[PDB]
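Take a look at this single chain, the form deposited in one PDB entry, given in structure tokens.
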């Protein structure tokens, strides 16, 4: 219904605390089905799908829905990839409104090892990189990039400008557009500090295609970039690559750890 997917519905009344999961870059919350199978029986789960805007603007849409569904709390918020950033943003908004947030789970939602500057120089370097790949892939020499026109466009306007040159089945255009926009959303996220507990499940590395797009993701800090914003930070190493973190077998380890946290939350209510 709308942007909320029901993965496992909560009972008519009572029951366990729901897990709210948030979509990853370029995908939907169906990716959380393996995690769900590794959580306690009868754990409700609701997935928040894509909405438009900056991270804060998206959280402004999610947070009223979170409160409509769960009221005062307790809130358990989880996400892989972009979803981790969205969950974190929702935790800050809920906490601001005095709601009880008991768990924020970031599944390999790791910041770039060096801050990604949001400057005209970086816009130029980014698009020079993209053009070079376009030339080796589509086997076409590409002329001078109109830097002045690009540098005054939002990310959404930049892809519109790109679709023009191209002039693709609508389905392929929608997937590339939303994946590009969701990834840029990760790049430009401005993280605010959070004073609750955050659990970061950390893989060993980003995938090669990710690193080719933005080489700053080739390096990971021990705290995944979150320690300066989060004082109460716990990191759970899971190994492997980012893309595998959401799936079996690695998700079993995320799920075992998260199940224990949920059990404690349940005991603290009871």
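Between two forms, the rigid core is defined as the largest C-alpha subset superposing within 1.5 Å. Positions refer to the first chain, counted from 1.
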{"property": "Greater root mean square CA deviation, 53-61 compared with 209-217 in 5 other deposited structures of this protein, core aligned", "result": "209-217"}
{"property": "More variable segment, 186-194 or 95-103 [Cα RMS over structures in 5 other deposited structures of this protein, core-superposed]", "result": "186-194"}
{"property": "Other compared entries missing residue 141, a third or more", "result": "yes"}
{"property": "Extent of unmodelled deposited sequence, residue 140 relative to residue 139", "result": "none"}
{"property": "Stretch with the greater mean C-alpha B-factor as recorded in the entry, comparing 102-110 against 126-134", "result": "126-134"}
{"property": "Residue range whose averaged C-alpha B-factor is higher in the record, 191-199 or 140-148", "result": "140-148"}
{"property": "Candidate set 29, 54, 43, 244 [ranked by C-alpha B-factor, highest]", "result": "54"}
{"property": "Residue with maximal Cα B-factor (values as given in the PDB entry) among 74, 84, 169, 93", "result": "169"}
{"property": "Third assignment of residue 208 from its chain's C-alpha B-factors", "result": "highest"}
{"property": "Modelled-residue ranking by C-alpha temperature factor, third containing residue 261", "result": "middle"}
{"property": "Chain-relative CA temperature factor third for residue 222", "result": "highest"}
{"property": "Within-chain third of residue 161 by Cα B-factor, per the entry", "result": "highest"}
{"property": "Within-chain third of residue 228 by Cα B-factor, per the entry", "result": "highest"}
